[PDB]
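We begin with a single chain expressed as structure tokens, specifically the form deposited in one PDB entry.
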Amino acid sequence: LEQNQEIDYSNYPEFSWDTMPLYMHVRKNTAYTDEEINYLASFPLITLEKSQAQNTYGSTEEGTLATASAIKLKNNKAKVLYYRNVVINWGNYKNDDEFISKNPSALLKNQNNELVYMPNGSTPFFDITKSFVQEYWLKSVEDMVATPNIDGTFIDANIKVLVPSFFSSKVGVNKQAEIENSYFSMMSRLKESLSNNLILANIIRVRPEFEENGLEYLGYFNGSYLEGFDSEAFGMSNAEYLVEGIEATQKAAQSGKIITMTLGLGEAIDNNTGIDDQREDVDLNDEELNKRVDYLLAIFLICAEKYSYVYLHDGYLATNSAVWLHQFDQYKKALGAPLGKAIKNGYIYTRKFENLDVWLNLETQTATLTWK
């Protein structure tokens, strides 16, 4: 497997321990308002998702260019990444629609010559084992990153390639191995062509198939995004699963890799409204919600190093998120640099920062943040 490059921070985002280091990961079907652009530009690192303002600009490619330009005019130090899925042919890319229309052989088929699909039964996959597909995909990423207001790319679906059962259950064992081989070739290409840019990947993840829970695959990338971080599987308890995720993240962060930890608040916010009635306004000062914020931030702070950033979200679509435009009080208070690594005692972790003491209990899913 690809080895990690010597650390070069030249192209990394801004970072400070002064207050919570924050990540943004977002889409909207129409253009952001001026207020929303100002909000985006306040984050040190922003990923622009798929379906980026396509109902204003006609396509994600043009919506991305317009959004990134507007962000950079407000804060040219903000780093902006372009989302790209390595295997799933999601909608609203004008250039992908044209490529697939003209070249139907670009899509992935099973051994019986049938197109295979995501669970919606309609979104197909790029057959990245084909040279012309690799070249199209690599050029699409390189061309977008080369534009003036894009700093790098967020590569998604690495784990669908690398967990053998995902594709072997669709296209067979040999085709899965071929998809994996081509994936590694394509990542090697980007590691070189984007060496003056940033590459973030959705890669660190507790998996029985990954001996090092994704750390073994970080060699191509400047860092990892994390999801599924508190969603246990494989018969593991929630606490056992988080213990492994925390260990992987600590090791990655301490190696100098960017970490963008995402943790969902959607379950803590949902109030059984919004389907056939108005979604009831959420009290963002609610005591119980803020205990959940403390808990999720404690998980993050137990792992964090320089270039670690957090997003507590209610989905990535701006117009359907109850936390859009909101700054929790925990994001404004003085944090300060760590005074040491986290200390682990069973499922209880503690960590000291210059202006904050963290206590975390994974078993009870509780934490205390004692701000100084």
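Residue numbers run from 1 along the displayed sequence. Heads up, when I say rigid core I mean the largest set of C-alphas that superpose within 1.5 Å between the two forms.
Below, we turn to the form deposited in another entry, even though it does not appear here.
Looking at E280, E98, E192, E211 after a core superposition between this form and the one not shown, you find that only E280 has a C-alpha shift of 2 Å or more. The two forms, fitted on the rigid core, differ between this form and the one not shown by less than 2 Å at the CA of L162. The two forms, fitted on the rigid core, differ between this form and the one not shown by less than 2 Å at the CA of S237. Put the two forms on the same core and the Cα of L263 is off by less than 2 Å between this form and the one not shown. In the other form, the separation between the C-alpha atoms of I269 and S237 shrinks by 3 Å or more relative to the displayed form. If you compare C-alpha positions, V293 and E280 are 3 angstroms or more closer together in the other form than in the form on display.
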